[PDB]
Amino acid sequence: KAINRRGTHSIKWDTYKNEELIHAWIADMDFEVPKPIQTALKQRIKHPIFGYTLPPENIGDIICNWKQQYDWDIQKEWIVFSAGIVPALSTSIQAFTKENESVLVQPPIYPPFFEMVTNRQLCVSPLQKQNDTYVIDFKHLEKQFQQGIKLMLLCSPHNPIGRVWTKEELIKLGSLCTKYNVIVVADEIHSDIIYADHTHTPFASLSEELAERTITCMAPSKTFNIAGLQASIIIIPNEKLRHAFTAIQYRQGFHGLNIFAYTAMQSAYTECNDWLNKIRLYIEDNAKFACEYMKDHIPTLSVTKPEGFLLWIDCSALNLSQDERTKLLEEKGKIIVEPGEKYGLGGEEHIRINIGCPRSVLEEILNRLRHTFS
């Protein structure tokens, strides 16, 4: 069921008012949230007082149990609260680097990684496009660490290309972080949408030593489409780094999350297991359906196959500018996507689309892509 999202103050569906537009840019799904979550949220409103709230007594076990998803054994003492992964990227920047020290990213990558480093020096190690996918340039990556890299921002799974890194990839990158003592911030916000042939490998799960150097940021906000509820869990095994993170959160006046962030994250992590099994097969089939429609009906585009709900498509054979592509997609396509040039080196002449939609919606998303470039 396509659900009307116009008139809901949703950034995706309400920022543009021309009702002819199809929106597939912002990375939230157009699906009903799991009912267990909604039942807890309407249950909580039955108490008409919204004063200051504590984190629940049980919240530590629930998250430690959610080993159920990745067989990582954590302790309750590691969990830190954040209103979103973006503040935790900034706090991890300001905690573990000095001003004018460098921070490394692997484009094409989520732009906030670029903007938050507004605070530090840009170092890049763009990934290499191989075999209809992306791979890390480990020789070049270590060529950057030989210059003094202090922090690395890892995306796993990697937006926008959709890479779910293997254990061997992380180890050999882990082998370089140990060897050069690079601190790692692991933005694993998509850790819960993984396809049938892949398995998410938490970076700190690999080792006792990589655990003491990695800050792992997770949330149900993207997985369960509750990104307006602002729940995030940051796991820091190293006690000495955890306190410097929490100092950078305390002197900014952050004192924990709001009533609905606590309530939703508790239900999402306890009672929503079967809905997440469903959404994985619907999303994976939406990626499969889309990758063939580009074979049959748009042979001038190259789509990088994801392994974990965003689709990364090469539009380089078209020889179009971003201004040429954007205007065309809006005028005849009547569809709003993300321009890829803002993803950095390797995002040029690409677009990113949201496949977290009903297949009915996905067909018009592709029908208008064909019309645009036919």
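The numbering used is simple: start at 1 and walk along the sequence shown.
Going from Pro34 to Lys35, the model skips none of the deposited residues; the chain is continuous there. In this entry, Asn273 and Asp274 are joined directly, with no residue of the deposited sequence lacking coordinates between them.
Between 191-199 and 124-132, it is 191-199 that carries the larger average Cα temperature factor according to the deposited entry. Here 359-367 and 19-27 are compared by their mean Cα B-factor, and 359-367 comes out higher. Between the residues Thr91, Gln106, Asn277, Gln144, it is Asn277 that shows the highest Cα B-factor in the PDB record.
The residue among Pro306, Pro339, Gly344, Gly333 whose C-alpha atom has the highest B-factor in the PDB entry is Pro306. Sorting the modelled residues of the chain by their CA temperature factor places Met294 in the highest third.
For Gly174, the recorded CA B-factor ranks within the middle third of the chain. Only modelled residues enter the ranking.
In this PDB entry, the Cα temperature factor of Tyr262 sits in the middle third of its chain's modelled residues. Remark: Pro48 belongs to the highest third of its chain, ranked by C-alpha B-factor as recorded. Sort the chain's modelled residues by C-alpha temperature factor and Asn286 lands in the highest third, per the entry.
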